[PDB]
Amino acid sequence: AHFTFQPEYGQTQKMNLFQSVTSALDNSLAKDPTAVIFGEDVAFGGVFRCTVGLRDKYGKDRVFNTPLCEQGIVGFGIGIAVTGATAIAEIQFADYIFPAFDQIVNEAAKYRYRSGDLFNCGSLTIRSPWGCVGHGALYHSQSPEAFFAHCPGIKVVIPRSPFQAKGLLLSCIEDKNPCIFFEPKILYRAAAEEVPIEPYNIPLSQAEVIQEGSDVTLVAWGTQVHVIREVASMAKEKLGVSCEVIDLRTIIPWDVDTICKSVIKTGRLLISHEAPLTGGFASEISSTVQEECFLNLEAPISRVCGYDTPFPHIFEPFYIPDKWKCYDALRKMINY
């Protein structure tokens, strides 16, 4: 494996990331009688088990299969949400969200603006498996968040752990704006952590500094947070370098202040993501930080990303922005 996973709200229990999604969905349905869950193969528990037991618990009218048609799933969801009902759509892999791209960008995102707030689809959330998995190749690996980041009116949210997943998913489901929640699928069955049984929220548009540091700021999201946490450890041991490690969490609207405040302190920034470099979301962060922190930058902002290719099957180990690639870029930036 290319990553290693690690570490007030009442009673908790050990949950992996798919179980934490189920726990969020269960809390949501319990407290919101309008809420329904739908998509391909959700009724029997889903291909990643995120909806197990929910249909037996809440009924076949609330947890149900659609036809095999992503554009329909999203348009259907929007319509539920137009009536004020909570609609939690599933897209089976993020790789297959693109048939719905028009419904998401031209419709969902613009629904409130273009009606002068007479109508909205704020009660819509689209959840989807995301990110690499070691062998998913072109269509079971993709990280589409940069495509959506260029579309005002949607929120895009990505967690790094089971605790973060449940809190972020509850906030997406309750937020009054259409949200896309991307679930890092490599984490679904990889290490549990303690997760509150009862509902709680983690705020949207807020990054988390998970480790303070003074020499360099490292920013990532999803599984890649665990990669940069390891990079921070390697930099400390091998270089005596103190790294500030930040989980962005919300792609848009993003937490510009937390990232700039960190870079004003460290004077160096490295952003990492699995998605291809060109047009990736690291370019928006870099440009912005350059604009706000120009006088504080001691070295060029580094982007350590996927190459500008489709996501390969047999070559994955060479494709990903792993800890050695991140470390090497950080070494060079520190030596600048």
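Residue numbers run from 1 along the displayed sequence.
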Decide, for the other PDB entries of this protein that were compared, whether residue 336 is missing from at least a third of their models.
no
At least a third of the other entries leave residue 3 unmodelled:
no
Does the chain run continuously from residue 7 to residue 8, or are deposited residues unmodelled in between? Answer none, 1 to 3, 4 to 9, or 10 or more.
4 to 9
Between 320 to 328 and 16 to 24, which has the higher average C-alpha B-factor in the PDB entry?
320 to 328
Per the PDB entry, mean CA B-factor is higher for 265 to 273 or 41 to 49, namely for 265 to 273
Which of 104, 252, 186, 210 ranks first by CA B-factor in the deposited coordinates:
210
Highest Cα B-factor in the PDB entry belongs to which of 117, 194, 90, 175?
194
In terms of the CA temperature factor given in the entry, to which third of its chain does residue 160 belong: lowest, middle or highest?
middle
Once the chain's modelled residues are ordered by C-alpha B factor and cut into thirds, is residue 232 in the lowest, middle or highest one?
highest
Name the third of the chain's ranked CA B-factors that contains residue 64, choosing lowest, middle or highest.
lowest
Relative to the other modelled residues in the chain, which third contains the C-alpha temperature factor of residue 150: lowest, middle or highest?
lowest
For residue 241, the third of its chain into which the C-alpha B factor falls:
highest
